[PDB]
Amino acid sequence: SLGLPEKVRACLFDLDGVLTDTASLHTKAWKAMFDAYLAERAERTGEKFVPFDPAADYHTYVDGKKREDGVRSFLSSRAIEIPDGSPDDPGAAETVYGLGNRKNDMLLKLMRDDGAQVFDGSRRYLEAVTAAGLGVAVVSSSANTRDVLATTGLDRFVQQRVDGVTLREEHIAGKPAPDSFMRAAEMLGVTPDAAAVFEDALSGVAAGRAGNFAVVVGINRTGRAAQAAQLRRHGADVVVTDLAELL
């Protein structure tokens, strides 16, 4: 059954933290950027410095979202708003795009050091879904999704991709809007009531629920009950610590 109802004919996976062991790299890059930006703010304004919490702040405000939505959402949680700027703003600019580019510069530095690794259980699950003849899409906010799927070889399991480039070029609202999962379902030729969503991000689980997908599977690798509770509260039908728990 692969943990799925019989009506499910396709699986939609997030990338970082679901298929590849790359969520900690993104989290490190987000925290390092935001700590430096917030400390630089405190130097300018005299406001109290409060670091970026790589658990609660990442999971609530950043995880899964379009990069610039993650910037705006975390900043808003601190009662900070800055101009959006332009997509090619340098990382030194105090704009939403600038901070996103600053984080992306960080991420690429970390990624070139230690390349993306696949979770063994995720490889097993993709092999099982593929052997069962189910469609597979990857739906991620990360702009590097195509490259990650290529270097890991996971692209051999994936028929459709909606990633950070797709969101920008097709003007698709990111998670927690359901729109990017619905675009992937459409590319796969299935309706949401015939599709399963696999997500480690609270925003992504909420997107799956908002899209009325047949099953929303949350992934909790934190080892803490609190994130599993949040995944269920945000709309996950199933929570696993690893996809192999469904085999």
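In this text, residue numbers run from 1 along the sequence as written.
- When 63-71 is weighed against 189-197, 189-197 comes out higher, by mean CA B-factor as recorded in the entry.
- In this entry, the higher average B-factor at the C-alpha atoms falls on 106-114, of the pair 85-93 and 106-114.
- Per the deposited coordinates, the residue with the largest Cα temperature factor out of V139, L99, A131, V136 is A131.
- In the deposited coordinates, the residue among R168, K175, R78, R161 with the greatest CA B-factor is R168.
- Compared with the other modelled residues of the chain, the Cα B-factor recorded for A229 ranks in the middle third.
- For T22, the recorded CA temperature factor ranks within the middle third of the chain's modelled residues.
- Per the PDB record, residue ranking by Cα B-factor puts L2 in the highest third of the chain.
- Among all modelled residues in its chain, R44 ranks in the highest third by Cα B-factor.
- Per the PDB record, residue ranking by Cα B-factor puts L126 in the lowest third of the chain.
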